[PDB]
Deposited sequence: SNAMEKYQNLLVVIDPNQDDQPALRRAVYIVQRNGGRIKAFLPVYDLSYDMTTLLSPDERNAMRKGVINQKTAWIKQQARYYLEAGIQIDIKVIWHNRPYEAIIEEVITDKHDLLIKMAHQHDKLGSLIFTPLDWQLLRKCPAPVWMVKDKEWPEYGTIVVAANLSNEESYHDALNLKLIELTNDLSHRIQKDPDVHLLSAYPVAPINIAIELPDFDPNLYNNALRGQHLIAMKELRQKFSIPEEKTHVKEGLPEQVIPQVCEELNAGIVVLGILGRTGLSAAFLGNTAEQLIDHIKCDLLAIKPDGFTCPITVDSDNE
C-alpha cells in the first residue's frame, strides 16, 4: 500500500475534470483515496469599506457552498461506485500557496492536475499556476493532458546522464524506482523506456588550444551516457532495446523522441537548487514543448520555499 493518498487540483473553469478521472483510474487499480481540492475567493472579500465583515462572510460562505456542491456533481458517479473522494474547498486568494500547503500538511503522495492541449500535434499549455506548482511543489506533480491516453502508450523516463554532480544520479534512481513501482501498480504490462539526450560542442576548433579536438568531447559525453544508461537498465531490469541515448538539445530531442515512442507520459527530474541554473532553464523549455503527460519529480533533498 503506497501512493494511497492522492491530491487532485480541480480546474474551476470547466465542468469535466480529467485530473479527477485519472486519480479514479489509479485508485480502482491500487486502492486509496482522493482529495478533490479547490482554493476559491471573490473580489467582494477585499471591498472592506463598501461591505461589512458579515456581508463579505455571507458572500464567502455562498461561494464555498456552491463550489463544494459543483464538485460533488462532477464526482457523483465515482462516489456511487464506492471511490473515496473527500471534497475540500477553502477560501484563499493565492492558489499555488494553498495547494502546496495542502500537500505538505496532509503528506500527499501525488498531485494530479490537468493541462490543456489544443491540437493533436500541439504542446501542453501551462498556466502561471502550473509553473508555480512544477517549480515549488515537493510531491511528484502529474500533469494530465486533456486527451485520451494512447493505446499501448509507453512510459518514458528522461534521465540526466550529462551533469557531473552526484545528486543527479540519486535523482535518476528515484525516477526509475518510482516509475517501476507506480506503473506496475496501475498497469498489468507497463512499457517502460529510458531516454537521455546530450548536445554537442558549439565550436569546431579552439584558437588558443591547438591540440584540442571538440569532436572528442562529443564522443566522451556520448560514452558517459552509454555507461550510465547500461548501469540503470541492469539495475532496473529494462531491456537494452528500450534505452535510448540521443544527440541534440534536450528540450528539442526529448519531446520529439517521446512522440516517436508513443509515450503516454514522460517522467522528469526537476530541482529547487539555485545557482545548476542552466538545468532549470533547459527543463522549463523541455516541459514547455512536451506533447504528452508529464510526471515531475523532485529530489529527496528538496526544500520547499513554502512552509506551514
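A.B. asks: As a test: can you identify every run of the deposited sequence that has no C-alpha position in this structure, in order?
C.D. replies: Deposited residues absent from the model fall in 1 to 4, 280 to 281, 315 to 319.
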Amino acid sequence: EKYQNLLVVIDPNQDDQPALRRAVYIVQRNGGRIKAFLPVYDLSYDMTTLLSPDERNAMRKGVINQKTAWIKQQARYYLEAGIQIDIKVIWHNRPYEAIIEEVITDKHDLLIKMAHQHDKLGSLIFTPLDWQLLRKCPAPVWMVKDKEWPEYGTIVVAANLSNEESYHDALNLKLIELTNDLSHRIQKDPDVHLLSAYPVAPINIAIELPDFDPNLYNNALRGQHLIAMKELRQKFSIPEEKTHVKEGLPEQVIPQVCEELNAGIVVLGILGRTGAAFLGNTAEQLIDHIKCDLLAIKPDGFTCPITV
From here on, numbers count along this sequence of modelled residues.
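A.B. asks: Which is higher in the entry, the mean Cα B factor of 181 to 189 or that of 90 to 98?
C.D. replies: Higher of the two, by average CA B-factor, is 181 to 189.
A.B. asks: Looking only at CA atoms, which has the higher mean B factor in the entry: 114 to 122 or 163 to 171?
C.D. replies: Taking the mean B-factor of the alpha carbons in each, 114 to 122 is higher.
A.B. asks: Among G280, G269, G248, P39, which carries the highest Cα B-factor?
C.D. replies: Of the options given, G280 has the highest CA B-factor in the PDB entry.
A.B. asks: Highest Cα B-factor in the PDB entry belongs to which of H244, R56, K67, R33?
C.D. replies: In the PDB entry, the greatest C-alpha B-factor among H244, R56, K67, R33 is found at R33.
A.B. asks: How does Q234 rank on Cα B-factor within its chain, lowest, middle or highest third?
C.D. replies: Tercile = highest for this residue's CA B-factor.
A.B. asks: How does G62 rank on Cα B-factor within its chain, lowest, middle or highest third?
C.D. replies: Lowest third, going by the recorded CA B-factors of the chain.
A.B. asks: Using the temperature factors of the C-alpha atoms in this entry, rank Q28 within its chain: lowest, middle or highest third.
C.D. replies: Answer is highest: the recorded C-alpha B-factor places it there.
A.B. asks: Hey, what third does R76 fall into on Cα B-factor, ranked over its chain?
C.D. replies: Its C-alpha B-factor belongs to the highest third of this chain's values.
A.B. asks: Pull the Cα B-factor of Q252 out of the PDB entry and bin it into the chain's lowest, middle or highest third.
C.D. replies: Its C-alpha B-factor, which the entry lists for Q252, ranks in the middle third among residues of this chain.
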